[PDB]
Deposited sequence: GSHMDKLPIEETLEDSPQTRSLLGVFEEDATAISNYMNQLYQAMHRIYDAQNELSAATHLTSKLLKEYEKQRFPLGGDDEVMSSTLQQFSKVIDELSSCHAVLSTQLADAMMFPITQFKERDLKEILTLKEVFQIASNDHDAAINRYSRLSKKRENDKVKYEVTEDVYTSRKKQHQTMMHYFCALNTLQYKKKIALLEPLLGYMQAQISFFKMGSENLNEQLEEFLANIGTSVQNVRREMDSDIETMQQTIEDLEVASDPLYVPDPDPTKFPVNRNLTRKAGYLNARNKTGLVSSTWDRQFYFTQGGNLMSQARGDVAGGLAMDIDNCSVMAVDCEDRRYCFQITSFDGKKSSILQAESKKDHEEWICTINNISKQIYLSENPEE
């Protein structure tokens, strides 16, 4: 245990100031090193805090899953409740760890930096300034006139040496005491936070390990199998859908054109129902479909289907309108007219007129 001699302070030898210099070099080296350690440990504390926050947020989000108003379980919902429980338990372990790290690791290393190293620098400056004042006082004293006596000036210059030497002595001794005390504090401040950190880790691993049992392992293995099941169902569904799409592309290719090959797609004149898009008149396109003796209609941005025409005992005929092709008009058993409706081809045109006639004459 290195120690500065307080007994040597009054004499204030260069050799004494030399010994001081070595305690000051050490104090600077110690400060440099303990600062790097403070910064590393501060990063551990901050990260553990962030971990506690993010883990708790994860759990909370898993709990809110139900409370979200979803358009499209008993198994999923409960599965997520089980995950949210274990994650929230783990979240508590981090929260307990973070607070113990703040108390048992950060507090003592902060105190070393903010109290003890601060005191060294303060005492060092008070001393430097006392030393400077004394140097000045003894210089002025040394220059007193031997030949012309002036009692008052001589007193004042002598008294300034008294006060400055007294101040220098007291400040040097207190600075020596702090530097000597620092030999002990350097050791406490190194070991105490490490011990705090390690005891906290022992508590953390014990606490987390008690929440992580064979029962959890069972639950996890079960979820692993569920995930494999979903993947298998998905992959099978993909296969079914890819085949459905390839079939539909083949079947639909000849039907994309408004006017299909009339030898392959004859006009159906015996339908009892039809549905499809038509233009109506100043012209909007909407979806028409027959239902229970009614022609109903629905636009793309609409919730349900409105009414267009009653088609019990109605008449329907081809119409000429605004130089357009494939127009027709219904007149119900009221004598009242529908909008002028437009089909997309001769066959579509004929199909609508025939279907409406079919429906109109079967209510009997």
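The deposited sequence has C-alpha coordinates everywhere except the stretches 1 to 3, 76 to 78, 288 to 295, 379 to 385.
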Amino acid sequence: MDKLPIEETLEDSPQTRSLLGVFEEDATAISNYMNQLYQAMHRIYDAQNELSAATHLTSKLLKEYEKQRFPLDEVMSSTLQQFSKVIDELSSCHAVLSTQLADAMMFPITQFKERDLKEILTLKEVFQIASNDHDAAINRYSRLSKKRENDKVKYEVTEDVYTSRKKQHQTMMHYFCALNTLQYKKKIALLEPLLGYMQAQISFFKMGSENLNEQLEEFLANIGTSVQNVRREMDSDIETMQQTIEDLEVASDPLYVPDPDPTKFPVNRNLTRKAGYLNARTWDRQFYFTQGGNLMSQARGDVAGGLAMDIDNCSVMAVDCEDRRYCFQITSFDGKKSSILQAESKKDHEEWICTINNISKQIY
From here on, numbers count along this sequence of modelled residues.
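For the segment pair 42 to 50 and 294 to 302, the entry gives 294 to 302 the higher mean B-factor, averaged over Cα atoms.
Set 284 to 292 against 152 to 160 and average the Cα temperature factors; 284 to 292 ends up higher. Ranking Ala27, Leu37, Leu57, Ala308 by the C-alpha B-factor listed in the PDB entry places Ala308 at the top. Of all the options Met173, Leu97, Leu195, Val75, the entry's greatest CA B-factor is assigned to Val75. Sort the modelled residues of the chain by CA B factor and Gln82 lands in the middle third. Placement of the Cα temperature factor of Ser31 within the chain: lowest third of the modelled residues, per the deposited record. The entry lists a Cα temperature factor for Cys177 that places it in the lowest third of the chain's modelled residues. For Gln342, the recorded CA B-factor ranks within the middle third of the chain. Only modelled residues enter the ranking. For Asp116, the recorded CA temperature factor ranks within the lowest third of the chain's modelled residues.
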